[PDB]
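Asks: Pasting in a structure now, in structure tokens, and then I'll have a few things to ask.
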């Protein structure tokens, strides 16, 4: 009925979920017979670094039980002494990046120092070595795993009192937003592209250091009315004014480039981050060069980071586009950071090739 | 999410060496064979040597010919190398020749290989076509595969921070800094300076007085006397920031100040503060305050409280003064006691 129910509780057995990728070259050329140990890098959750795990796979399964079967084991490197009760599931990733053979453990298994659980007889050697399945491109076996570590109980309690009265929500942005559109009690003109806008100092000085420096430097005594702005056009300046007065950006998508450039010009940090987030969702193969150029010109740190990530991931289809061919001639330094980014992350020294 | 990948790169190299007069060398010198040593690998640091015995070194191996991979010195103490020697098809022979299926760990100062390669009589028989020009060329590519450690990569994205809006705190700081002030608000002699536009946007009473043409005089010389200093400071803070931190201790006078200037949100917020502070001693006082300032919600809540705690409230002095000073408040209490309840037996 949703009657508030006076007191409430919001218990949460939080479970952190992450994965770990492993791919071995020339799987058929290893032949680790009868428990010969091959180790992998110590991998943690990624959300901070508290406990470390590492896999351990035996292509020729140890012991007479898994003599003709692959033995796959998961080992704990370090963790707090708490008898960690966590889930593990293992599956083989195909060439097309789709999970195929899902083997899930039925419980959260207990882990301590030196302990290593795993689904023994994971896959038949006869079926594993069968290349007809197509899961070994270039004789490479890829391991896909999902794990569900749990911290075992953190709960919430109370209160949500009656609250007989009904206070209205804060109307600061809404009512102060109407100040711009009605343009009441404003004093100083603001001309862009021959189009005049009327805005007053205090809000601008509060929400943009650039105008704070510009207005105070002797112009307000004499030249308060007319101010010279021509780097931007009116249909983006309207959104800039609306955001400054109100703190919201409704028409953000249609002007994510010019608005970002203007925010860079006027040092609107939050508006810059909103524009970066909105434009970065528009990332595509065809428009990579332009967004890299825009980020580099306007010093959009997060935008340039995600853009170099995207181009490092999808360079196979971007270079043929004319954007790269113009950017090389116009921006050789951009080519420099592109090569630096691509040549260290994913094909650093021919591993992987 | 780590890109571990356990790169298992193997070091291999090409090699050339020809054996001359292999047919009758056994008659020439015999069994103990010594060949030239060669260096390869990382800048020729690794030492290797390959030679072919025409007959068994010991009595047992006299039957099968020995192709032993002598290794005086090894690259590393731990070398789990599955050595796979091969030939570049001088004739057609790539099966039935002994290829290592399981090797042994190579350690410094130790040599390992295989001593059985092919039958002596069968090899010497020219009918099998295993005598290309009475010479065999070796291409010994040693496949050391112990190097496995390592590479990695985090591969995290995390999207964007998207910092929250700070309009409230920004305008609060603007109030504290008092920059580009347009009008001066004078209270009890003490003078405050605040901006016209924000006041008019938030509080209609301030807005109206800056619109009736009284502009040449009342911009800088507005008199605000019916309010105290602290109440006006708190109300100015609410006007600018949108928060009322010091509200809970000063409810009644702040409600009066809000009532004068029509700030609805602060009015209802003070009503919330007062409503959950009711006591039987001052329920009459709270009801009088709510009715005087046209605060409907607190008025109704205090009336319901006094109805529920009527048996005790009528003994108080506040009610006994309200009955004299405010009769229609008693009329409202009676209405909300009777018309909103009953019948009850009789």
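Going by Swiss-Prot, the residues shown for chain B are 20-365, listed in order.
Determined via electron microscopy, 3.6 Å.
Here the Cβ of each residue, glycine as well, is placed from N, Cα and C on the backbone.
Residues annotated as domain 'MATH' in Swiss-Prot, with sequence analysis given as evidence: B:31-161. Feature annotation from Swiss-Prot assigns domain 'BTB' to B:173-297; the stated evidence is sequence analysis. Marked as region 'Required for nuclear localization' by Swiss-Prot: B:71-191. The region 'Important for binding substrate proteins' annotation in Swiss-Prot covers B:123-133. Summarising the annotation, Swiss-Prot assigns region 'Important for homodimerization' to B:186-217, B:297-355.
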Asks: Counting each residue once, how many in the region 'Important for binding substrate proteins' (B:123-133) are helix, strand and coil under DSSP?
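Replies: Summed by class, the stretch gives 0 helix, 2 strand, 9 coil.
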Asks: Would you mind splitting the region 'Important for homodimerization' (B:297-355) into helix, strand and coil residue counts from DSSP?
Replies: 46 helix, 0 strand, 13 coil
Asks: May I have the DSSP-based helix, strand and coil counts for the residues of the domain 'MATH' (B:31-161)?
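Replies: Reading the DSSP string over the domain 'MATH' (B:31-161) gives 18 helix, 23 strand, 90 coil.
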